[PDB]
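Note that the chains take the letters A, B, C, D, E and F in the order they are written out, and that residue 1 is the start of every chain.
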Amino acid sequence: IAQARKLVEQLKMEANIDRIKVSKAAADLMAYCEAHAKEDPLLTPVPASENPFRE
Amino acid sequence: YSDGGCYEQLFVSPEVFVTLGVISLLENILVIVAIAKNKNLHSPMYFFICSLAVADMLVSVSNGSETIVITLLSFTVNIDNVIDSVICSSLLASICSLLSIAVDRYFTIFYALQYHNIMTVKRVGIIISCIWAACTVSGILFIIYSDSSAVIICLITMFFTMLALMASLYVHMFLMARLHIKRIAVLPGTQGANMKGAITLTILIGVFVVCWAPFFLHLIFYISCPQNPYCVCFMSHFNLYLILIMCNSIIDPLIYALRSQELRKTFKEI
Amino acid sequence: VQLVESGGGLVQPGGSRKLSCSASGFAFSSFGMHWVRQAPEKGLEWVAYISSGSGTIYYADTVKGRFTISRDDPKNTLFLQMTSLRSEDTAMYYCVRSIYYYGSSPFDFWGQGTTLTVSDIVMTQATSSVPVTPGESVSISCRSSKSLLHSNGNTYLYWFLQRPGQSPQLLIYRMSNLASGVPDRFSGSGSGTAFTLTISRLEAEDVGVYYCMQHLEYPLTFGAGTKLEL
Amino acid sequence: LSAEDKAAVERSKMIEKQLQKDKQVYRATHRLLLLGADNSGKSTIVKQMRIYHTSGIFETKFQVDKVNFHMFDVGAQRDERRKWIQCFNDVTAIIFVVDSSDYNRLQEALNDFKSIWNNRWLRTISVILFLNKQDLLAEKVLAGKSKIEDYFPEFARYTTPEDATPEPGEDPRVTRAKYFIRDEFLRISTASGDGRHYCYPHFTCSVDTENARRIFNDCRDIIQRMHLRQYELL
Amino acid sequence: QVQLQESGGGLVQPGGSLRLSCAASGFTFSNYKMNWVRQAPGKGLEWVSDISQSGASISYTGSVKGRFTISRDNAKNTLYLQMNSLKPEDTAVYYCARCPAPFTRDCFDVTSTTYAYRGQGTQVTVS
Amino acid sequence: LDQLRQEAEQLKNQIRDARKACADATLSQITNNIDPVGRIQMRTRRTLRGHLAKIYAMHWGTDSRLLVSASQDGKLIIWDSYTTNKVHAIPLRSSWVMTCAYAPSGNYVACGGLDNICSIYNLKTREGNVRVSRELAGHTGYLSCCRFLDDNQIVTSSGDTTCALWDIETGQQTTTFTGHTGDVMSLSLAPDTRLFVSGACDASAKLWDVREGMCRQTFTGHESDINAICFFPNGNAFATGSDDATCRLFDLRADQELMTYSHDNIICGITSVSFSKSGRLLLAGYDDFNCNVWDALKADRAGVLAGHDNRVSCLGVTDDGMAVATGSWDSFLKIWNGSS
């Protein structure tokens, strides 16, 4: 009985969240990836003169 | 065997000797690099396979070198004094490596729960080094003091004792395999394991017998019947007996090393 | 953490004697121990070294033949067997612990030292004496012969402090790092041959002599020391 | 290679030396997982094997003929099992205890055995059955009040296996009852596995004193079969 | 969201018959082994049936071997339990359970006290 | 009591309606014109050896050079990745360790497992050895993940359907999170260290607030148990791996799933998930003996790190973004990197 009440209250608190459209979400993720792509060694391999693991 | 023509088996073009030796060298180098390059396989059995590969490679090199030297032919007694020793020590090495693998397997089976306690790595190196050192000592001591007609009789007995021991150990493994299959088969809910064991024993023992029996026979006939014309023909195929000895080292990896799937995949990477 | 040295006193020239270094309060086996000696009125000087496991022993040139270093891990004691002593061996002998891994702090504890009386990179500290008043910042310079910057990024310079009557204490290891309990006032920097140690705000308990040590390659060589008189 | 880096390499060599020295103890130790229900009786097996020979795991040390054995009974864990049973891969053998007197939970025990047997990670791990509480099963079958046909209809058309070895002075009915359950477990044991692992059944009571030797023998058999299959003699 | 609605209960006389359907949404039905789970009042939680993801392998508890039948329709995402000759010991709350992982042959926690991939239950009672 | 079930169904319908309303366009459609990443390949620079048994957990340091590892032989090893040296070897009291953590400051490491204890080990001592510092002892199930916030606060996850936030100095729970219905398997702290997520064997994940103690949102897209979870570098998204052979990307403000990473040839479950530094790559370890490099925007497979002989169980990408390290059940630990 208490489980049902707790679940109802949790769902009520989960229904009052100010969502945003998926388009803005995808735009933000895309923007972050394209802004930080230049500093990602696995995406853009570094020269061997700078890599810690082969020198 | 062949006998028939009582002429020496000189119908042996060094081209085939070179081909067989190169094949053996390639196969044994390939198996040794596969073993040493796969850190997951450092158990005693693979170290003994290491020693067998080294010994077989040395046998192939020695035989090919001696045949090439005689074909090309101070500069004679200084070469057919080391090529007649790395052809005697390497035989000891191969035989003792085979027996070592057999005994290692027997200890893993019949003393299973104590094999983990007793010997893992250090004693493996101790035994391998002792066997190789003693076989090099035997090869040297079969140049100095050699040709004494008592050195050659202390080599046929070694071969026959080792053959008997290997066959005894492997049949004794097959018997407990049969016991375990008897226990397994009596279960309510129920190739062939018996057939598989028979094939494995047949391949191993028969390869160690067929590819070595003529040679040591020759060696025996030597101090056995140096006058019988039938024995003369048996002598006259020493060049076929050595091609058999080299046919050993081209199928030893197939029946000892290649049979393990963990090592088999390591060949694919290389 | 404690180290106690015993076995000093008078000895006739040419004799022999053994020094003992009793350790307690830390894992003795995981530490490699050193021996640094100081003449009656001179600077510090390296003597010997035994690594963890006793697998690596180095000696100074002056004592490479007549001194032997050895340790007994189960009883937590470090030994130095002295033979054929001369008049140049009179000094106070220190027992110094050191541990080496990525990010460790070698030469971090110094024993109290025992007194014995018998009846190569060059580091120079041109500032023999510097007068300084409390509250003012003072800089102490040290100079090297070979460049101490190894190819792995480290610089391998150590700064030590010796109060008027105590054993040396570590301040800075590898030219920029700070010791465990040393205040944040002490900071150091350098280029690879020239080095500087700066005190932000001098206090009363910061007088003594300062030493610069290299750990780039054996043997280890100190400086002459800079005295800060109040 | 600086001097401090050489010293670091030396410390790493010493650490590797200690690691190798611990590898000996690891490969000389056999790990066993003890599984059972609440009425199984695994506690009395532990008590038998320990005086002789909110924590979430209990370790039990025993030694038979100078061979070290480690056993692990799971404690303060929930009833869901599919996530922490993966930690017990590469153990020597799983020890499974069943109460053979309670017919109601026998099907639940069979389902648990099936799940252990058919799990992807426990496919190379043998199971040592301990059909516990045979005295209760005897007392219940001889004093017939509960029919086994009510829970397993196939008991009607069942016969005692030929290779049965009854204890001296034992009723045929209790022998049939005690072998029916073993047959049910072995049917699951043999239906799958491809020969990589087997089940070793044993009938045990609460007064037996020879269970550690049974586990020792079964682990020996497991290692022997493994090495035989490796060498292709089996 | 993985959910399982089990419907088709109700009163029935001894010797009567019922049918239980389990509408399943959210977990690509055809990949999972499915079970039926029973809970008699005052008792634990029992397993009564099992069907593979193709319909070939079918198992039963034994107390209901000849009377119950379990089928499957991968197109409509339903699991069926044809109860035929009920007896008073069969009264319980019947649960349509799913097996934890796809493509597997082991079903571990279908009878656990709090198992996520199980229905709320249908009440089947016999006079 | 049935009115409670009716209310729950009504709120669930409202939540689903809101999710449908906010889903104006799929992520894939927007990312249609983005330049696809090439075929990323990595060449196993260092292989780290010395563990006697399986490896479940690894954690990098904040300096991207030191590295902790947990094995079921009862050892934690601190590695120097640049040199393959072994800095420390810490033997554990219990051999069934399932997670490890390396504190942000470097002074502590954590471990835990079937023994429900989470143990903090002091690394920088005036005595030279590594000692056990605390032993957190209030979980009624196995401990599957632990991540530090500071040197005094740690966050743990347990098979008991609950997470916790301990106070190391006191040794007492400060907040218990009690919303899940299954075994919590993974745990990921947000970059800002005020929120975190967990997946708990109920095909759901939950965002918690550390200060308060309540479930902010709940994400229910998966089909089976969730095994790994990790934050996008932004802090507004996170990816989840599961036992139904799929990875999915959830964004917090959209409160949905955005993209599912799957292939018909994969019938094995993910065991570890980590992101790259720019968020363009999503690395996921599988039970089919090797890892996979996904493109977190195009949802196209872009690499395979096939180097292991057993199950891949752990996966970490350094803070520097320079290396990725993989541990597996073959008692090894490989450090991968690219080549120009």
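Definition applied: contacts are C-beta pairs under 8 Å (C-beta built on N, C-alpha and C of every residue); 3 or more make two chains touch, one makes a residue touch a chain.
Each chain and its UniProt protein: A = Guanine nucleotide-binding protein G(I)/G(S)/G(O) subunit gamma-2; B = Melanocortin receptor 4; F = Guanine nucleotide-binding protein G(I)/G(S)/G(T) subunit beta-1.
Measuring from the mean of all protein Cα atoms shown, which chain centre lies nearest?
Closest to the centre of all protein C-alpha atoms: chain F.
When the contacting C-beta pairs are counted for C-F and for D-F, which pair yields the higher total?
D-F
What's the distance between the Cα centroids of chain D and chain E, rounded to whole Å?
Comparing mean C-alpha positions, chain E is 31 Å from chain D.
Take the average of all CA coordinates in chain A, do the same for chain C, and state the distance between these two points in whole angstrom.
Chain centroid spacing, chain A to chain C, equals 52 Å.
Need the CA-centroid distance for the pair chain E / chain F, whole Å please.
The computed centroid separation for chain E versus chain F comes out at 35 Å.
Measuring from the mean C-alpha position of chain B to the mean C-alpha position of chain C, what distance in angstrom results?
Inter-chain centre distance comes to 62 Å.
Residue numbers in chain A touching 2 or more other chains?
Not one residue in chain A touches at least two other chains.
Mark out which residues of chain F touch at least two other chains, giving numbers and ranges.
Residues 5, 12, 65, 80, 83, 85, 87-88, 182, 201, 225.
Which residues, counting only chain F, touch chain C once they are in their complex?
Contacts found on chain F: 65-66, 80, 83, 85, 87-88, 106, 126-129.
Using the touch rule from the top, collect the residues of chain C that touch chain D in their complex.
Residue positions touching the partner: 30, 32, 51-53, 55-56, 100-102, 104, 106, 150, 152, 154, 156, 215-218.
Using the touch definition up top, name the residues of chain F that touch chain B in the complex.
Listed in rising order, the residues of chain F that touch chain B are 49, 309, 330.
Can you name the residues of chain F that touch chain D in the complex?
Residues of chain F touching chain D: 50, 52-54, 72-73, 75, 80, 83, 85-89, 94, 96, 98, 113-117, 137-142, 144, 159-160, 182-183, 185, 201, 225, 329.
Can you list the chain C residues touching chain F in their complex?
Where chain C meets chain F, its residues are 1, 25-27, 30-31, 99, 101-103, 180.
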